[PDB]
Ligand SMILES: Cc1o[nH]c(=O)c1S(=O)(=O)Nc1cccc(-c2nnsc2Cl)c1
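So this first bit is one chain, no partners, the form solved without the named molecule, shown in structure tokens.
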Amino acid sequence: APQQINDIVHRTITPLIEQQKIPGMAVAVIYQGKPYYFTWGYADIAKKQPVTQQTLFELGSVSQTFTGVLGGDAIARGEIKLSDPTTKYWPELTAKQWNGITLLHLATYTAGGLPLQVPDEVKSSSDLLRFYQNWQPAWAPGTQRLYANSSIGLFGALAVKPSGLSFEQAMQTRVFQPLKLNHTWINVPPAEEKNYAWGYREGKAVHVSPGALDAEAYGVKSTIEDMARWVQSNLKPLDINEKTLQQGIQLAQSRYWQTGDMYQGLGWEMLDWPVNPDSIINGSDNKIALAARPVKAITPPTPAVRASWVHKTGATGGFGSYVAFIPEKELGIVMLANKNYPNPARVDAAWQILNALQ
């Protein structure tokens, strides 16, 4: 591995692991289109299993980048349109507050303040219908962005309805297989459990619990190798053979709304490059303050901009993940850890590393 990459990665990540007390971590840097891997610590403390390039980590919200691309692929196939009303794909949603709420609003968190989480008491499909039917928006659609798993989650479920496939089968067949993400799962099979890291929360080993729309909002578990491959696909969609998938990746990176220095895509969020860490943090999902932010529509959406810092942060109770890439520099990074540590620290480390390799 080029010593420059070796040095900046280790000199940045070692202090990070030390300061955040992270049990295990895997990092991939994509430089000029090739991946370089790094791992530290334990996937399982009690059983002393080390983190390897084959260890599976829960991606949490980073899963939404896959959901966003899968929806983009569905648009490309002519199965759905972002301008179509939510009720076109769920006619049972008759409550009037849904008038005017489109698939675009669901995918981009601008439906009017859908909740951060679907409540635990929501199990069945009838329970889910009840939940959305009873929800009362605080705002008109397309006026404010409020990050929400119940918004992108619903988008994922509806986007695959025309296909006739379950969300997982659609994801496997249309995204994972074509890109050869052969160790990426929504449900980890028994044969792969030996590689599934435990997450750690307050010192206790934990895995994400089942919940409504979990597959769509936070259900992916993946290895550092598959995630590096996911970043390469997103860096260079033109290299992808499947037409609708190539188009779908491009649609997920288009800029639909702007708030401050940030642009909202489908799953991915973007800022113009160059930009410093403080601005990225202020213009993004920060685990800390949950913010309602007014948005300006980009009419029509700007196609993916090469000079962008494209990223997504994610977490589950015991895992913290971060992905960021800059298309015009063919540069990217993935950081997977089995501890949910502060987002600002993730952005600071990713920026320190990618800034150094410009």
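In case it trips you up, residue 1 is the first one in the sequence shown, and so on.
There is also a form deposited with the named molecule bound; it is not shown, and the following applies to it.
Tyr147 is the sole member of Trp135, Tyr147, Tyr196, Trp273 with a non-hydrogen atom lying within 4.5 angstroms of the named molecule in the entry with it bound.
Residue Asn286 is the only one of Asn286, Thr259, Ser163, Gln172 with a heavy atom lying within 4.5 Å of the named molecule in the entry with it bound. For the chain shown alone, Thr244 is not a contact residue for the named molecule in the entry with it bound, no non-hydrogen atom being within 4.5 angstroms.
The closest non-hydrogen atom of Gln232 lies beyond 4.5 Å of the named molecule in the entry with it bound. In the entry with it bound, the named molecule lies farther than 4.5 Å from every heavy atom of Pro327. Not displayed here, the named molecule is approached by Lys312 to within 4.5 Å at the level of heavy atoms in the entry with it bound.
Just one listed stretch, out of 313-321, 329-337, 28-36, 49-57, contacts the named molecule in the entry with it bound at the 4.5 Å heavy atom level, and that stretch is 313-321.
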